[PDB]
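Listed in order, the protein sequences are those of chains F and H.
Numbering (UniProt numbering) for the first sequence: 120 to 206.
Numbering (UniProt numbering) for the second sequence: 118 to 206.
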Amino acid sequence: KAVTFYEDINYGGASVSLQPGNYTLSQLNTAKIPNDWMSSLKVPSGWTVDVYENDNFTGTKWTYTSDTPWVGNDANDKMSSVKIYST
Amino acid sequence: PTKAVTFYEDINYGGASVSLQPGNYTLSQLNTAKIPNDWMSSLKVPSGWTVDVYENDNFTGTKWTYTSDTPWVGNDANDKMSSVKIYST
Ligand SMILES: [Ca+2]
Ligand SMILES: [Ca+2]
């Protein structure tokens with residue numbers, strides 16, 4: 120069980136998996152997730168992913184609780200920090 | 118208080134240990150309490166308590182959650198505690 124973030128729509132391009140936690144921009148970058156990059160993600164059923172527009176869990180928040188082949192044009196390429204919960 | 122979370126240097130509650138009350142402890146604060154970085158390998162948790170262990174300082178990076186006595190955190194979580202939140206409920 121992990122969250123996998125994808126570069127492109129429909130789980131395309133580069134992908135990186137992360138365990139529960141609170142990831143800043145620099146921490147995402149270390150994990151090989153660039154800024155303004157996430158377009159789709161897989162979420163284990165039961166889990167919650169809070170995707171933030173700005174670093175340090177600020178700016179607009181989008182919430183995902185299931186596999187999302189397309190985040191939509193509002194949330195697309197905006198993830199700069201993220202909180203992942205196994206609940 | 119006598120009830121506390123006890124963190125251990127080695128697997129199976131081995132080596133040096135440090136007990137902490139509920140709170141939110143950064144890296145420097147852990148160090149002050151005599152817990153070095155990347156050091157924790159096992160821990161004891163009072164019933165009803167929650168321990169959120171964080172890979173990085175300031176409660177960021179991967180988070181491992183413990184609600185019971187844990188003789189071994191696992192190789193992925195091993196020697197990676199850099200900050201921690203302890204809850205009494
Ligand atoms: Ca993209
Ligand atoms: Ca150790």
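No residue lacks a Cβ here, since even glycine has one placed at the ideal position from N, Cα and C.
- Item | Where the alpha helix (DSSP H) containing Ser145(F) begins and where it ends | Here residue 145(F) refers to the residue found at position 26 when the first sequence is read from its first residue. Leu144 to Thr149 is the extent of the alpha helix (DSSP H) around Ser145(F).
- Pull out every residue of the segment 121–154 of chain F whose Cβ sits closer than 8 Å to any Cβ of chain H, in chain order. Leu137, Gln138, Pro139, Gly140, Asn141, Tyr142, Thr143 and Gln146
- Query: Who does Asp155(F) pair with in a DSSP beta bridge?
  - Reply: The residue you call residue 155(F) lines up with position 36 of the first sequence. Answer is none; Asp155(F) lacks a bridge partner.
- Task: Just mark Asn175(F) as buried or exposed, buried being the case when its beta carbon has 16 or more other beta carbons within 10 Å.
- Result: As a first step, residue 175(F) is located in the first sequence; it is residue number 56 there, counting from the start. It is exposed - the Cβ of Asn175(F) has fewer than 16 other Cβ atoms within 10 Å.
- With 16 other Cβ atoms within 10 Å as the buried cut-off, status of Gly140(H): Along the second sequence, read from residue 1 onward, the residue named residue 140(H) stands at position 23. Burial call: exposed.
- Query: For ligand 2, which residues have a Cβ under 7 Å from at least one heavy atom, in chain order?
  - Reply: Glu126(H), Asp127(H), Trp156(H), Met157(H), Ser158(H), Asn195(H) and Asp196(H)
- Query: For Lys120(F), is the classification buried or exposed, using 16 other Cβ atoms within 10 angstroms of its Cβ as the cut-off for buried?
  - Reply: The count along the first sequence starts at 1 and reaches residue 120(F) at position 1. By the 10 Å Cβ count, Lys120(F) comes out exposed.
- Local Cβ density within 10 Å of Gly178(H), reported as buried at 16 or more and exposed below that: Indexing the second sequence from 1 puts residue 178(H) at position 61. Buried, because 16 or more other Cβ atoms sit within 10 Å of the Cβ of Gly178(H).
- Alpha-carbon to alpha-carbon, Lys180(F) and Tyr130(H): Numbered from 1 along the second sequence, position 13 holds the residue referred to as residue 130(H). Numbered from 1 along the first sequence, position 61 holds the residue referred to as residue 180(F). When rounded, the distance between both Cα atoms is 40 Å.
- Flag this pair as yes or no: are the beta carbons of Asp186(F) and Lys202(F) separated by less than 7 Å? As a first step, residue 186(F) must be located in the first sequence, where it is residue number 67. As a first step, residue 202(F) must be located in the first sequence, where it is residue number 83. No.
- Residue from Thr149(H), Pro188(H), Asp169(H) and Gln138(H) with nearest C-alpha to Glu126(H): The count along the second sequence starts at 1 and reaches residue 126(H) at position 9. When each option's Cα is compared against that of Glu126(H), the closest is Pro188(H).
- Message: Taking the beta carbon of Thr184(H) as the centre, do at least 16 other beta carbons fall within 10 Å, making it buried, or is it exposed?
- Response: Along the second sequence, one-based indexing puts residue 184(H) at 67. Looking at its Cβ environment, which holds fewer than 16 other Cβ atoms inside 10 Å, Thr184(H) is exposed.
- Per-residue DSSP class, three states only, for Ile128(H): By one-based count along the second sequence, residue 128(H) stands at place 11. The answer is helix: DSSP assigns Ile128(H) an H, G or I state.
- Query: Under 7 Å between C-beta atoms, does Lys202(H) make it to chain F?
  - Reply: Locating residue 202(H) in the second sequence gives position 85, where the first residue counts as 1. It does not; no Cβ of chain F falls within 7 Å.
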